[PDB]
Each structure stands twice: as structure tokens, then as C-alpha cells.
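Just the one chain here, laid out as C-alpha cells, in the form deposited in one PDB entry.
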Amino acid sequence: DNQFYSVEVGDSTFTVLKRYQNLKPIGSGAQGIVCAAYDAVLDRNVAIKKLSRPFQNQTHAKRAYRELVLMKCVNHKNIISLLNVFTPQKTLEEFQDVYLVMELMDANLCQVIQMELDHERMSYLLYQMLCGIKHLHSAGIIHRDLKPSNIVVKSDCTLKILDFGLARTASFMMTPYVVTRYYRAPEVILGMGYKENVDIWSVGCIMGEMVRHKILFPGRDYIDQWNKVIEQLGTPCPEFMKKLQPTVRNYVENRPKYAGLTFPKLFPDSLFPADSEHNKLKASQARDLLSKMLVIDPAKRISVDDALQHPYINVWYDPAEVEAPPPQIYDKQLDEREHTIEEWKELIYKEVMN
């Protein structure tokens, strides 16, 4: 008898419970391969993510532990839920790998970004993103790292956020894997403190990219990225500059100036469905929401609640999906706590075993 079996996927072995059959790779990310499988017990398809030795460094360790605790305690239909968690290893000293089993979605948002979408779909996708984000914020969780690759959709336009972002705290790793910074807010890029609407910026970047079918602010690094920002949105005004630390403030001033394009120029009508009157109007509303989300200074950038109330969005509004009961978060030492790899290993083990 063994509850598990082993099969090779790419340069990896998945050792999984026997209920999970017919594994096929569906994606890859910073902590390895994700597979689709049929779950014979629930009689339905699932997704299975393997974490290889997540305690191997502080960064993987903190993310893995945080994602476990949060996926368990968070209950919302726009945030991916955990069906099952397991390790095939029998003891702490043998412990190597964690397997996360989630409901299976059909695609990530990068694939949606490569297609044209009507306004009904686009606005519903954004409505769901905002609901999820609001639910996180209600629990004290500010993501700060929303990106298309960590957001998934089904064929029926339902949407789920995969991860819980960066902890309020604090990260070196020897790797080929390059982190995507394109969707990060100015206040993150310039480390100036932030609030809830730091996540609106990322939504605007995704919405903009949904319309333009191009990454809004591509850069090799944060210098580039900041240039790309100011050369489309224009150099921010003085009352913003005043809130930067003198070392970064100094630097932002001395950048070559741009007054910046306008939203009709940034997002012309030829990008939008605008054949009918319905679509002409929706196009106008979309551009308007964009212009309130892609605002450099967060004191003047629209909030989550006001974004949910915007005419482009509020057609979907429902007090069940917004205003849901916040998660419990039984830990509360969670976002910030530091440990050795040996300690992280046991933390993670305990959580996998409950």
C-alpha cells in the first residue's frame, strides 16, 4: 500500500494522492509547475501546484507559509480556494514538498489580454477583480503585486485572484526567474508608504493593457519603468514630489520632464468597441475609469469603493459579492515574522498537517 504515486512532468516528479489522475501541465511560475488533474473522489477536475522545498530560503518560505494560512482562512468567490493540501513525506525530517490542490480554471489573464473583449465581459472581469481586492482589504491584506499571470478566468467569464501579494514587511534569490514589476504602483516603485488604493494602480495597468493589448509601462528595471510612466502620464505635479524622501525626491525632480499625453490620445476610440451608441457610451465610461485609476499620486487616485460605484462597473454591483464577512486570520503575526530555514520547515509542516 501507498496512498501516493509518482509521475514525471517536465524536469519534475509529481508524487500525488491516487485520487488525482491524468496530470497535464497547465502553467509555470516562480514556485514551479502547475498541473491539471481529474480528482476521482470529487469527480471533477482540479489544479495541483507543487512547492519544492519551500523552506529552502526566507523568500519562498515566507510566501509559502503566508499563502497556506491565507488560502485556508479566506472564503470569497473571486479569490482562489484550496481544495486540498498534502505532502507525500511521512515525517518532519523527511519533509520536502507541499502540494496545493485548487479548483481548476481555464486560463490566466495574459491569455484574455491577447483577445478583444466586449464591454460586458471587460467590465465584469474588472468588477470581479475589485470584489476580490475589496475582500482582501477588508481582512487587512493589501496585495501590491497584482498581475495578469496571477489572475485566472473560466470560459464563463468568472475570475479568481491566485495569490495574496507582498507582506507589509520587507528578498535575494539565486535564480533564472525574473520578477515582473510592470504593474507595481509609483508608491511601491519609490517606496513611499501606501494605502488600499495602491492596488487600483495595478488594475488600471491591467485594464489599460486589456484595451491596448500591450504592457503599459514596460521597463528593464524601475528607472525605465518610471520613465515609461511619466512619458505617458506626464511628470507628476509638485504636491506629489513633496511627499517623497529627499533622496528619491531629488531623483524624480531631475528626470527629463514630460507634460504627458491625454487619455483620448493614450487610449483612442479605435481600441474600443464603438459601433453602436451603447458601445460609444461604454467606451467613454471606460476611458473615464482608466483616467481615475492610472493617477500617479495616490491621494487623487480613485479608491476601491468609488471604482465599484463607477458607471462602467456598477451594473454588476451586488452587496453579497461586495461587503462580505472578512476572514478571521487566526495568526496575526503573519505578514512580518523572521525565521531560519529549519524553523520555517517546521512552521510549514505544522500547517500542512494542521
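One rule holds for the numbers: they count along the sequence shown, beginning at 1. Heads up, when I say rigid core I mean the largest set of C-alphas that superpose within 1.5 Å between the two forms.
If you look for the form deposited with a partner chain bound, you will not find it shown, but the lines that follow are about it.
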Should residue 321 be counted as a contact of its partner chain in the deposited complex, where contact means heavy atoms within 4.5 Å?
-> yes
Does the 4.5 Å heavy atom contact test between residue 115 and its partner chain in the deposited complex come out positive?
-> yes
Is residue 213 close to its partner chain in the deposited complex, meaning a heavy atom pair under 4.5 Å apart or at it?
-> no
Do residue 157 and its partner chain come within 4.5 Å of each other in the deposited complex, heavy atoms counted?
-> yes
In this chain shown alone, the residue from 106, 103, 231, 224 with a heavy atom within 4.5 Å of its partner chain in the deposited complex is 106
The one option of 257, 168, 249, 121 with any heavy atom within 4.5 Å of its partner chain in the deposited complex is 121
Select, from the options 148 to 156, 89 to 97, 197 to 205, 240 to 248, the stretch whose residues sit within 4.5 angstroms of its partner chain in the deposited complex by heavy atom distance.
-> 148 to 156
Which listed residue (158, 180, 232, 111) has a Cα shift of at least 2 Å between this form and the one not shown, rigid core superposed?
-> 180
When you overlay the rigid core, is the Cα of residue 124 off by 2 Å or more between this form and the one not shown?
-> no
Is residue 262 one of the residues whose C-alpha moves 2 Å or more between this form and the one not shown after the core fit?
-> no
Spell out whether the Cα of residue 90 moves at least 2 Å between this form and the one not shown when the two forms are superposed on their rigid core.
-> yes
What changes in the deposited complex is the Cα distance between residue 177 and residue 205, by 3 Å or more; the two atoms are closer
Change in CA distance between residue 146 and residue 30 in the deposited complex, which is 3 Å or more, as closer or farther | farther
